[PDB]
Amino acid sequence: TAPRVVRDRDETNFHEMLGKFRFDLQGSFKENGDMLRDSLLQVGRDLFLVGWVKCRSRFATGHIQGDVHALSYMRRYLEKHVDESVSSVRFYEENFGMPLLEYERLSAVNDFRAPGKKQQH
Amino acid sequence: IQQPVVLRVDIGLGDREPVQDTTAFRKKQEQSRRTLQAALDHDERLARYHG
Amino acid sequence: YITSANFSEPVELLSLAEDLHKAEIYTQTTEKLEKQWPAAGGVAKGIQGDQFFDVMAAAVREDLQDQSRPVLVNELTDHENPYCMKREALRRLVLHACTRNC
Amino acid sequence: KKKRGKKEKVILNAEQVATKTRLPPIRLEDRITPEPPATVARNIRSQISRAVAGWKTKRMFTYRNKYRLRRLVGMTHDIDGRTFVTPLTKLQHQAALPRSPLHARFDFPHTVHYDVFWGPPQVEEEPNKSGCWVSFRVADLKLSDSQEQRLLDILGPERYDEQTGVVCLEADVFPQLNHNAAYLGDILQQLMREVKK
Amino acid sequence: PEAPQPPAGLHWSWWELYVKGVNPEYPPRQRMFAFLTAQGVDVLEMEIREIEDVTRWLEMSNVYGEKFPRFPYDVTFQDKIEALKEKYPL
Amino acid sequence: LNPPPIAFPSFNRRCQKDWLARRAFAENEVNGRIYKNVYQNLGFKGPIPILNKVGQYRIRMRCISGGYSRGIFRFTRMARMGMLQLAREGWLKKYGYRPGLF
Amino acid sequence: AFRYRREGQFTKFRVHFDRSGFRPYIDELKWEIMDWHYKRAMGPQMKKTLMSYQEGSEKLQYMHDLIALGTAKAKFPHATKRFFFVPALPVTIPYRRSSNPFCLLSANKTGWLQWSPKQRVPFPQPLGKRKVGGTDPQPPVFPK
RNA sequence: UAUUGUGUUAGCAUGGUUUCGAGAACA
């Protein structure tokens, strides 16, 4: 687990680093956010996403991790290239350069609560 | 200072009619085989590399 | 890298002058030969006629192309189709150091 | 706990002399070789004599009755060296072949169709890729009234379409494409020889 | 060290290496090549399934000794050698 | 821990015995038709004891990544666990396998 | 009535395996899965042996050319590189010599193919946290 | 184109993969 202090430069290692994404969406969505979740999953597979994501009617956040260069494209896609209406984009934290990764597969957390408890809640 | 090859010889042509499979070619093969065995005799980090 | 035949620099030198540079020479030679050695008509019609001056001219072109086929160093398949030789030449160079992501 | 209690070798008496001295009986592993023609005939003679000895079954007499039926209608090889000519070889001898590409063999339109498989290098060959058939229209082919009827009778109504009026002849009795293709061209010429009579 | 491979057309033939037993390094096959070659049989043009079948008998009759040539239908080991020779003359 | 290496099955005496009968039947397949032809011509029905040990029906389905002789299909040639491991390792995608549909 | 959504229903439950356009897939995978392990175990090993003796590696190749062709066609002076050895492995898949001019292996005149020293897109991509079988030489250990 | 033993005590209370039975997923 050698840090970037060993010899990363602009020759060949400039595109050999990992990190975490930074995004926090907020605003109303069509139906219950089904369109946004489906669109994000298809694009995420092409970029070989590892982290997870959360989608809902209003709340939309998550933690996405991957390559330093791969995540750069997603920043522009999820800021202007949005078919739905977006109010504003927030940020929580970011970090570039880290040995190995935490997650292994891309998945979206969905509300699988039973319908019986929905009325009580 | 830096050019390894003076020029190119890319000319469209076939080849000669005779085949290099005469008795002279076969006889020369035995001579080129003795040097291989003689070199392998002087064992220097080469005997195991080939075998 | 004690030896001079295994460094990163020499590998690139032989990957351009023998893979792409040699492929272009064969490509132009094949096209040039067809211009100076035409046929009576369509290639399909020439086989159904069994006429002279067509079987002879075609045979000469086959030997000329075979003798004008450079031997690739990096590639050992030794493809005979000029279209495939150029297509595969770029794939080897692109996969060496061209890409920057998965 | 179980399936572990061993037993001593009780086979030690001097009376058991004929043991561990010869190879065991024929094993299934040695059956790879084929049976010679001398042994196959021997079993037929041994079994035929046992059945007639009195070993009869309820389902044995019924089989004989069916065989006797084919004798009356005349579908048996029963007669109250030879060197014959096979039908395939006979057709080869009688065949007018063309003398070079510029000579027309047939004198009527005909279409030849065949399926050719192309793709990446497959480890195994794809079957059902050796079909060859020929089609021709009876209306275009000029023939007499008697000759026209015989053409459809030999091939039957299955190989004839009443809507358009075309006859399709399919031949596929060989695995190879080249072998099958040549076979179709031989039978086609023979058909016309008998039709015109 | 290693023998050459002068095939027809190309310059490499894996079939001759396997039958000779030089590449596989199989002692049972190496001794089999010198035996069939002396008998006068075209081993170079034999099927893959038949070469191994004959080689199995040579090793089986060697370790246990030449004392169990038994075969189904009362067949001797010499009959197979003679039969194969006719189909593969020299 | 470490899922099995699906390319090389473990040892199994029963599994090897099934393949042994296949070779015996193939060589004796010609003799099987001769026995039926002689009886048909003579018009007599009789048994063929020699076909018991070299019969086609002696062989049955078996699992290649296994050794059980039940629960094997002609399409997959694998047991319940054999297909699950093969499909979950990412090997059937190239062969048109979409698990999305039920 | 959904026509496109119900496509292929007829040839799913009312068709025989031998009377359909579907081709088998087990035959191809038989020779494909086995070859993957061969290149993995023998891949690094072949490269290690080639790089074991850095200098004096071209002497053996130069002498060999004097016996096959006699005259060294690729001869060059001392101030020029001879060649670069590429670690290659033999072909084990019994491919058929098809007549496809656009094929990548039909025109193969040798029994050796190049091996990629580095790959960024592993073919055996897992669908989860499961690992690839036969990729753990060292035995495991338990806390005990 | 076959080739590195054991279809045997010992899995709920130390087990890797899979799964039945009960419970949960909200700001």
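Residues numbered from 1 in each chain as written, not as in the entry; some residues may be left out. Chains lettered and ligands numbered in written order. Part of a larger assembly, values for the part shown. Heavy atoms only, no water. Residues with missing side-chain atoms left out of burial classes, pairs and counts.

Method of determination for the deposited model, per the PDB record: cryo-EM, at 3.6 Å resolution.

Another point: the pattern of salt bridges. Summed over the entire model, instances satisfying the criterion amount to 23 salt bridges over all chains. A salt bridge links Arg37 of chain A to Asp34 of chain A; the nearest nitrogen and oxygen atoms lie 3.4 Å apart. With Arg37 of chain A and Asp34 of chain A both in helix 1 (residues 34–46) and 3 residues apart, the pair spans about one turn of that helix. Between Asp35 of chain G and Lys39 of chain G there is a salt bridge whose closest N-O contact spans 2.6 Å. Pair noted here: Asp35 of chain G and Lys39 of chain G are both in helix 2 (residues 26–50), with a separation of 4 residues, about one helical turn. Each of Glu75, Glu88 and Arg92 of chain C takes part in a single network of salt bridges with overlapping partners. (Salt bridge = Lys/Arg side-chain N within 4 Å of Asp/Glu carboxyl O. Helix = DSSP H or I, 4+ residues; strand = E, 2+ residues; numbered from the N terminus.)

Our focus in this paragraph is the interface of chain D and chain E. With 13 residues of chain D at the contact, the number on the chain E side is 7 residues. Put simply, chain D and chain E have 0 salt bridges between them. Where chain D meets chain E, there are 1 residue pair in polar contact. Of the residues assigned to the side of chain D that touches chain E, the class counts are 6 nonpolar, 2 polar and 5 charged. (Contact = heavy atoms within 4.5 Å. Polar contact = N/O pair within 3.5 Å; in protein donor to acceptor, adjacent residues only side chain to side chain. Nonpolar A, V, L, I, M, F, W, Y, C, P; charged D, E, K, R; others polar.)

Okay, the sheet that holds strand 4 (residues 59–61) of chain A next. In a beta sheet, neighbouring strands pair by backbone hydrogen bonds and run either parallel or antiparallel. All names here are of chain A. Strand order across the open sheet formed by 5 strands is 6-2-4-3-8, with mixed pairing between neighbours. Each edge of the open sheet is held by one strand with a lone partner, namely strand 6 (88–90) and strand 8 (107–109). With strand direction ignored, the average angle separating the axes of adjacent strands in the sheet is 25°. Where strand 2 (residues 24–26) lies against strand 6, 3 bridges are found, and the strand directions are antiparallel. Following the sheet pairing, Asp24 is matched in strand 6 by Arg90. (Pairing = 2+ DSSP bridges. Axes fitted to C-alpha atoms, helices over the stretch in contact; angles between N-to-C directions.)

With that settled, the discussion passes to the interface of chain F and chain G. Taken together, the contact pairs 22 residues of chain F with 26 residues of chain G. For the pair chain F and chain G, the summed buried area comes to about 2400 Å², and 66% of that belongs to carbon and sulfur atoms. For chain F, the biggest contributors to the area lost against chain G are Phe75, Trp91 and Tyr95 of chain F; these three give 31% of the whole. At the junction of chain F and chain G, the tally comes to 2 salt bridges. Between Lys94 of chain F and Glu32 of chain G there is a salt bridge, with its nearest N and O atoms 2.8 Å apart. On inspection of chain F and its partner chain G, the count reaches 3 residue pairs in polar contact. Split by residue class, the side of chain F that touches chain G holds 13 nonpolar, 4 polar and 5 charged. (Buried area = accessible area lost by both parts, 1.4 Å probe.)

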